Structure formats: C-alpha cells, structure tokens
Amino acid sequence: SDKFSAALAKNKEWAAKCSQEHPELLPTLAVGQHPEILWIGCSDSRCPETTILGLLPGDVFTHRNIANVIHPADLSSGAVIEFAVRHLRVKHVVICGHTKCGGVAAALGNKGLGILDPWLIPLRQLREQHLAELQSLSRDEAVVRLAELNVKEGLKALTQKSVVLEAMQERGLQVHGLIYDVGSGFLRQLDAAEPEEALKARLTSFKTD
Amino acid sequence: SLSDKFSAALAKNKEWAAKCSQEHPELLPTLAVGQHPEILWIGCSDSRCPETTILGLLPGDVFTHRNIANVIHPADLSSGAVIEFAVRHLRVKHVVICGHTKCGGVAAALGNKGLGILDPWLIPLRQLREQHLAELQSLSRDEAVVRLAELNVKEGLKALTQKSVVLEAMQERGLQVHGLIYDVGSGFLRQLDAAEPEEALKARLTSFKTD
Amino acid sequence: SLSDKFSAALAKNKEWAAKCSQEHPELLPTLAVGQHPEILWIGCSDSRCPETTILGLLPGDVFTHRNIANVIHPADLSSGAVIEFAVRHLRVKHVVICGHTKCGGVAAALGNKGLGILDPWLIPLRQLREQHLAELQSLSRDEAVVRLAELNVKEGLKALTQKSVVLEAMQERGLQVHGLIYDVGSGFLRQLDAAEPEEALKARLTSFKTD
Amino acid sequence: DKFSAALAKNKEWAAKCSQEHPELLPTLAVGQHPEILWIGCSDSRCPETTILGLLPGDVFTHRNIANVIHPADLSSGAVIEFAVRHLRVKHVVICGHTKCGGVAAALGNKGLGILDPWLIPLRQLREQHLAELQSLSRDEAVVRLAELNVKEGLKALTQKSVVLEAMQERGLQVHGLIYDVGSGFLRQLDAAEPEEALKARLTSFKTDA
Ligand SMILES: CC(=O)Nc1nnc(S(N)(=O)=O)s1
Ligand SMILES: CC(=O)Nc1nnc(S(N)(=O)=O)s1
Ligand SMILES: CC(=O)Nc1nnc(S(N)(=O)=O)s1
Ligand SMILES: CC(=O)Nc1nnc(S(N)(=O)=O)s1
Ligand SMILES: [Zn+2]
Ligand SMILES: [Zn+2]
Ligand SMILES: [Zn+2]
Ligand SMILES: [Zn+2]
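Residues numbered from 1 in each chain as written, not as in the entry; some residues may be left out. Chains lettered and ligands numbered in written order. Heavy atoms only, no water.

It is worth spelling out the coordination of the zinc ion (ligand 8) at this point. All names here are of chain D. Within the protein, the zinc ion (ligand 8) binds to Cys41 (SG), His97 (NE2) and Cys100 (SG); these donor distances fall in the range 2.0 to 2.5 Å. Around the zinc ion (ligand 8), the four donor atoms are arranged such that angles at the metal cover 103 to 126°; this shape is classified as tetrahedral. For the zinc ion (ligand 8), the single-chain donor residues occur in sequence as C-x55-H-x2-C. Residue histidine 97 is classed as buried on the basis of its relative accessible area of 2%. Residue classification places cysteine 100 among the buried positions, given a relative accessible area of 2%. (Donors = N, O, S within 2.8 Å, 3.2 Å for Na, K, Ca; no water. Tetrahedral: all angles 85-135°; square planar, octahedral: opposite > 155°, others 65-115°. Buried < 20%, exposed > 50% of the residue type's maximum accessible area, 1.4 Å probe, protein only.)

Residue and element names in this part refer to chain A. Look at the UniProt record and you will see "binding site: Zn(2+)" (unreviewed entry) annotated at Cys42, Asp44, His98 and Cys101. A compact arrangement is adopted by the annotated residues: their sequence extent is 60 residues, whereas the largest C-alpha distance between any two is 8.8 Å. Within the secondary structure, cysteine 42 sits in strand β1 (residues 37–42). Given a relative accessible area of 6%, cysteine 42 falls into the buried group. Filtering out sequence-adjacent residues up to four positions away, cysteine 42 remains in contact with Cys47, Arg64, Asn65, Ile66, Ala67, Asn68, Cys96, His98 and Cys101. Counting through the fold element by element, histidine 98 comes out in strand β3 (residues 92–98). Once residues lying within four places of it in the same chain are set aside, the contact partners of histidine 98 are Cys42, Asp44, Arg46, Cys47, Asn68, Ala147, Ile179, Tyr180 and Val182. (UniProt positions renumbered as here; feature names shortened; annotations may be inferred. Helix = DSSP H or I, 4+ residues; strand = E, 2+ residues; numbered from the N terminus. Contact = heavy atoms within 4.5 Å.)

Glancing now at the coordination of the zinc ion (ligand 7). Residue and element names in this part refer to chain C. Coordination sphere of the zinc ion (ligand 7), protein contribution only: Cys44 (SG), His100 (NE2) and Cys103 (SG), at 1.9 to 2.4 Å. Geometry at the zinc ion (ligand 7) is tetrahedral, judged from its four donor atoms and the angles of 103 to 127° they form at the metal. All donors of the zinc ion (ligand 7) come from a single chain, and their spacing in sequence reads C-x55-H-x2-C. Here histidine 100 matches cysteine 103 in class, with each residue buried.

So, on to the pairing of β3(A). Residue and element names in this part refer to chain A. The buried fraction of β3 amounts to seven of the seven residues, a majority that puts the element mostly inside the structure. The two faces of β3 match: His92, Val94, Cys96 and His98 on one face and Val93, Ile95 and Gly97 on the other face are all buried. Judged from the seven bridges that link them, β3 and strand β4 (residues 174–180) form a sheet pairing that is parallel. Bridged to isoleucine 95 within β4 is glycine 177. (Pairing = 2+ DSSP bridges.)

Around ligand 3 there are 14 residues in total, and C:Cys44, C:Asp46, C:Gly104, D:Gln32 and D:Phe60 lie nearest to it. Mapping the residues near ligand 3 onto chains gives chains C and D. The contact in question runs from a nitrogen atom of ligand 3 to an N or O atom on the side chain of C:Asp46, over 2.9 Å. One of the backbone nitrogen or oxygen atoms of C:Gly104 is found 3.5 Å away from a nitrogen atom of ligand 3. Notes on ligand 3: free accessible area 350 Å², of which the protein chains cover 92%. Here the shell around ligand 3 takes three residues from helix α5 (residues 104–109) of chain C, the largest share from any one element. Classifying every residue of the shell around ligand 3 gives nine nonpolar, four polar and one charged. (Near = heavy atom within 4 Å. Polar contact = N/O pair within 3.5 Å; in protein donor to acceptor, adjacent residues only side chain to side chain. Areas by Shrake-Rupley, 256 points an atom, 1.4 Å probe, with all protein chains shown as cover. Nonpolar A, V, L, I, M, F, W, Y, C, P; charged D, E, K, R; others polar.)

As structure tokens, this is what we get:
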C-alpha cells in the first residue's frame, strides 16, 4: 500500500474532522501562531511532540534532528532558538531525549557512518568525558545514561546563548530536560540541577549588550 | 490562562499514555523494539505544521526534520544527517518536503530587515528571491509569499536529489520525493506539480553520484 | 633531531625573527600596536599558494582565509566571520578570491570517488559541474579542471556580493572585489574578467542589502 | 591602489623566483608534498610561510578568526581530512597569537553579529576558566585565553579518527604554538595531557577497521 497517497487521504479526513469538531481553530491559527513551547527533540518516528503531549496544532514550535543534539554553532537549531525565543517569545524551551535512541547507540559504537560521524561528535565528546561511568553499564543502560547526559549538555549549550540568557532574566523563560520512554509513552523530567554560581559564570561569559 | 503550559503538557502526556495502554496496549511496546517508518518528512518548525497530527498518523509512521522555512542548505549537517539516516539506514520509500501558507520565514526573506543569526539561515530563500525577482515583483505581496514558498519546496527537492544517497535510493528501489504545501487555514495538504525534464536528473546523476 | 621538519621550522622561525630585528627592527613592534591590512585574501589551503609570499608583501598586509579549493559556502560561519570582521571592522579596501591551477579540490569535484567529510565541502563545485556540464564535457579533463577553477572563483565573487556587509562597503566606501587564478608553475597571478550584466547586481542589491 | 601594487610585486617575485630557485616552481607544478598542516589565525600579522622562513609547497594552511576548531566545522574538517589522510603530513600545528582581537572580543560582551556564534568556543573556555581569567589583568587574560584556545584546539583535533589513525599508524605529531606578533618568535605550549586522556579519546572516537 502507498503510504504517501494513504497519508494525503488521512490528511483530508483529519482536516474535515477539525472543521466539524473545532471549527474556530484552523481559521484562528491562520491569523498567527502563539505557541508557548519550543520543543527540541529527536527525528525518531516514535517521538511526535504534539501527539505525545496531547496538544493541538499551534501549541508547540518544533525542531527535530538526529539524537536531539545541540551543536553550539549549528545554524539550524540556532535559527529556531533565535526565532522561538526572541520573536514568538515562547515561555518554555524543552529538550527531549528518548529511550532506544539509535543516534546515542551509534555514538557508543565505533562503526564509520559517513556524514553521521561529525553530526554525532557531541555524543562522542560526552562518551569520552563519562567513559568510566558508561563502560560500567550494559549497552541498554549506557544508551539511557548517554541520552540523559546529552539532554543536560543540550540545556547547557542552550543557556550559553545570549538570546536565552536575556529571555530568562527579562521575562522568566524556563528551560526543561525530558526523556521520552518509547515503550510506555511517558515523559520523565531530568533533575538537571546546576549550582546558582553556574548560571552567574554563564551570564558573565555569554550575555551580550 | 493562569496555567503553566509545561506542567499542563506533562499532565496531558500521562493522559495520552493512559489512553494508549487502554485502547492499543501492543502499539508502544512493539514500536520500542524498533522503528520502521516509510516516510521522511522535512517541514517547517512552525507550530501549526505538526506532521503526525496533520497526516492523521501514529508514532512510528513519519521520520521528521523541522527547521525554519523547511530550507535545505546543501552542506547543512543537521538535514544531511537525517537524510543519510532515513534514506540509507531506515530505507524510507518517500521523502516529503512540506512548505506552508503564511510561512513567516519565507515572508522574512522577501523583507530586508537584519535578523541576526536568521540572516545566514534564510540565504537560500534570498537566492531564490534574486533569481525570480521579476516574477515575484509582478505578484501581490501575499501571492509572492506563496510563490516563494513553492519555489523553496522545489529548490529543496533539487538539493535533496543532489545527494548521492538519494540518487542511489531512487535508482535502487524507486524512492520517491514529493513537494507539498500545507494550508494553515484549511488543514489541507496540496501537491506541487514539481516536474523536472529528464535531462535535469541525468546531469545531476553524472555530477553528484559518488562511490 | 635533524630530519624533523617541525624542529627545523622552529629554528628557521628564530632565524627569520633575527633577520627582522637586524634589517627592519621597527616592523614587528609597530605591527604589535595593531593591524591595518588593506586586502582580504580568500584562497586555497594548497601549500603552493601562500598569499604573503606570492604577493611579495609583509606581515600586516594581507588578512587571510584559506580553505579547500577556496570555496565560499553562502552560510559557512568560518568564511562568514572573516568577511564580517575584515570588511566591517578592519575596513579592507580589497577582497580577493584566488583560485589556482592544479587545484586537486576542483579535480576531485569532477571525479565521482566518495571522500568522506570532503563530500559536503565540495558540493558547491559539483553544483557548478551540474550547471555547466555540457561545456565541461566538451573540454579535455585538464581543460575542465581549469574552467571549473575559474567558474568557482566567479561563483565565490557572487556569494561574496550576496552579503549585506560587502554590498554596504561597496556602496558606502568603494570596497572592490577581485577574482584571481594563481599559476603554481609560473608564480603569476592572472585576473578573471568577472563582468556581470547590470540587472544581476541590481537584483542582488534588492534581494540581500539590509535596511 | 594596494591591489594593483600587489599584482606588480607578485610578477616581480615570480620573475626573481625563476632566477633564485629556478626549478622550485616547476617541481611545485607536478605536485605538493608538504610535511606540515598549519591551523592559525586570519590575523594579517601571522603569515605561516613567512614566519617559519619556509617556501611555497612547505605548509598546507587553514586560517580562520582566532584559530578556533569547532568540532563539526566542515571548513577545518575538510582540510584536516585532506592534509592527514591524503597528503600524509607528518605534523599538525595549531598556532595562536599575542594581541589576538578574536580572543579579546570573547572576553568582552559586545554583540558582533555573525562573529557571535563563531566565538562561542572561546566563551565556553572563558566560562570554564572564569575565576582564573578574572584574577589576571586584561592583557594577561588575552594571553591566557589564547593558550587555552590552542590546547582546546589540540583536543578537538585529536578527537578526529583520521588524526588518531595517523598518530597510531605513522607517528603523526600535533603541536600547539603561540606567535608573538611583536618579537616574531613562535613558542611551544607544554600541552601535556595524562596518558588516560588519549586512551579514552581513542576508545570514544577511533573508527573500527
Ligand atoms: C547511525 C544513526 O544515527 N542511527 C540512528 N538510529 N536511530 C536514530 S534516531 N533515534 O535518531 O531515529 S539515528
Ligand atoms: C524572521 C523569521 O524567521 N520569521 C519567521 N516567521 N515565521 C516563521 S516559521 N513559519 O518558520 O514559524 S520564521
Ligand atoms: C580529495 C581532495 O580534496 N583533493 C585535493 N587535492 N588538492 C587539494 S588542495 N588544492 O585544496 O590542496 S584538495
Ligand atoms: C570581533 C573580532 O573578531 N575582532 C577581532 N580582532 N582581531 C581579530 S584577528 N586576530 O582574528 O584578526 S578578530
Ligand atoms: Zn533518537
Ligand atoms: Zn514556516
Ligand atoms: Zn587547491
Ligand atoms: Zn587572531
């Protein structure tokens, strides 16, 4: 069965249902978006943000990439963060990793993957830093642990951006780390504690005028 | 409201997980064994274009990349890595590039306001604006936004087919590529005609196919 | 030891520092006060194209960026940051893009061997190969390398003039841009004619100059 | 006109070079075999071939603002891959310099447009070493951050499989230098890392055969 032609038919059925059951929603969204959440998650087909959050179109500004990696100088994630934080003024930035992330699993192996190798470098940087801890775990346990370390490192890379530090001080922007369990459907919050003195050093080092 | 949208979203997630356990208890545990999506979706980050919702599909159906204005920069590692993985490893049957009506990324490229880090990101849209300037200036402002959104999807399909991994999959298994526009006002997807002369793809094969 | 090129280079550095102190004792201390180069050079990393040597110039004269095959990716931060700094802050009067004969980067783009991380880097040369394929196929292999090297310089000058900082400097203070080919066999630089129809530069100004 | 003057000086240099090293340019035309890859600053005061007292063909060169190695940068990535795997250079040199205004800009808090994402790695080092940098004078902090940047660059360089392979297979060496723009001297940084550091890097980054 052609999944593309099947998807177009299901789109038309969904759009007609939306007109019947929430007739104001799509026309009000056409006037302009006002999402309160920026979601940075994995491209993994099992992590569709709006479905797993039980939300609607217009609720979640979304960036998805392999293993939800934030490269500090990546223009793709950089442009979405600039737009979502400065222009849409989202109240929340969520970084969501997930269980059974094959990107994280690839980083724990040493098989050459072409253009994927430079993309996964930040996961291999965390692997080197945390090697003794990761080697003490089973492969399945290491995949969860490195997925968590990657979310926490992402929150650090996110808060190293002046536009985020500005929004946190000016209008109480909040940032959050999650792990999605692909087997249960539950989001879990990471404790993601950093000393107060961590954000002070970051403000000094990264906030610009 | 007075409601924290983050804590409200976690509560709704638990309600959705409860519904999955009650109505389709096999689905999430079978997906945890491994994904097998047949579709790679490259679309806009715009909150109004959630691919799995608007396609009426489930988790596991759509491998997804979303960025500002669904732009494919040829040497971007972010889109590059997702295309390599989806095409070579997951062996998707379809790559969809979906633009949308009222794309403010496309609209920003038709303006000349300095937007900081967004300026280098939108360069491919300004390249299309320069190439098609006479055509775009002959339209109304709102028609030029729709037209540039279409040209951007078509240019994205060209950038996509400049990748050896995609040309190989098109030859080896008839991987298909599709250009769509999402109408944020109606919820309908429409297909772009997106024909290219045969001699276009032959020159591309010669110029970009790699061992 | 005596065959180590690195320890030999450090010894030659100390000999060069001694020569500077003996022959031009004011030069290095006056440069330490601040640089004022009038030229930004964008050239190939090729060991045969050291800009300051081949121009017969001194330290402080040439602000320099060198990469594989002197390629300007429009959204590359590495070349982007050097252009912003050289044009807006140092206020260079000249931006030079220098290609060269026997550029193996240009030759690699005319081949179809997979080269790992070099593949995405060379995409702009394969874009030119696809656009100019009939012309390149009508030439010998060696002539196609020279022609693609020239097209690459000219395309770089286009990418350079798509940047508002360059367009601003050209309009406000007569910044000039130049395309060169370095002949690695003779040591001579030759200028490329690099003329563009008037309507080309007007569309670029409209599409890329910031308000 | 500095540009037309430079083209005239080029022609004079090429004619002189045919007299003084009559066969050098012709040997160069048949191919290049440099033994050194130089990664340095774009600063007009740091021309590698001049300050090393070397000739064309001796130094494969990459220069960027503040000699920064972004791990997933294709520009520096492509030159390292080509120089190490194809030319088989014996030495990779990362050269920082005194009075580097790129390093100085990272110690400031002015917004600089497209320069901001480029300088993030220097601001990462500033945050990590902030107590040490704040304890120094302005001019001493610039020298210190320039040194930390070279050392961090050598770490990013050795996180690349192509470099780790060459070090193991053929004793490729990597070196950190600071160029003094006022004296003309290169000095070597001690750049010591525990043995356990390079073992974790090999485990985390070297691609399987
Ligand atoms: C090599 C590689 O990237 N493998 C992946 N496996 N799953 C991935 S996911 N969770 O990003 O879809 S990526
Ligand atoms: C400056 C800029 O990028 N503006 C945008 N407006 N909407 C965008 S969208 N459709 O990508 O959400 S981007
Ligand atoms: C594979 C590849 O890139 N080959 C090269 N040959 N010479 C180059 S040069 N002129 O940039 O040094 S690049
Ligand atoms: C803001 C900025 O980049 N300023 C610079 N000053 N000197 C530089 S150098 N040493 O790279 O030429 S960069
Ligand atoms: Zn994943
Ligand atoms: Zn959009
Ligand atoms: Zn070259
Ligand atoms: Zn410098």
